[PDB]
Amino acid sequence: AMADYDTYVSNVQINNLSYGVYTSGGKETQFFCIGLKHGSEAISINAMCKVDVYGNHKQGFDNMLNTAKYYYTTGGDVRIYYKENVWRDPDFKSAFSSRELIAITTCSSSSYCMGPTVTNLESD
């Protein structure tokens, strides 16, 4: 399976966005975070962030930001791939999220979203 593509949430909408600058560990960083809803329902996995100079994948900051802004604007249905337990600074985690944003794919219907899905119920 595609490494780092095993945890996602499907058929959500990006309903909040944050962008900011922040000093961490002696490095000047940019970050953004997305907030999610599932139609009129609140979900448990509802926020995720990307940081330009930290994380498992530092590439693609601007392309990911522009993609997140696009879907916040359209309100379209998406699948968000994310990684747990990446941001470990507790004050950033409290303020924003611990999860790193990995990918954003579209859902053209209530039953199809683009991108890899887990093999089976146990992700063997």
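Sequential numbering from 1, following the sequence displayed.
Task: Residue range whose averaged C-alpha B-factor is higher in the record, 54-62 or 40-48 - done: Stretch with the higher mean C-alpha B-factor: 40-48.
- [ ] Between 112-120 and 96-104, point out the one with the higher average CA B-factor as the PDB entry records it.
- [x] Result: 112-120.
TODO: Check where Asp89 lands among this chain's C-alpha B-factors and tell me if it's the lowest, middle or highest third.
DONE: For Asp89, whose C-alpha B-factor we compare with every modelled residue in the chain, the answer is the highest third.
- [ ] Divide the modelled residues of the chain into thirds by Cα B-factor and specify which third, lowest, middle or highest, holds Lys83.
- [x] Middle third by C-alpha B-factor.
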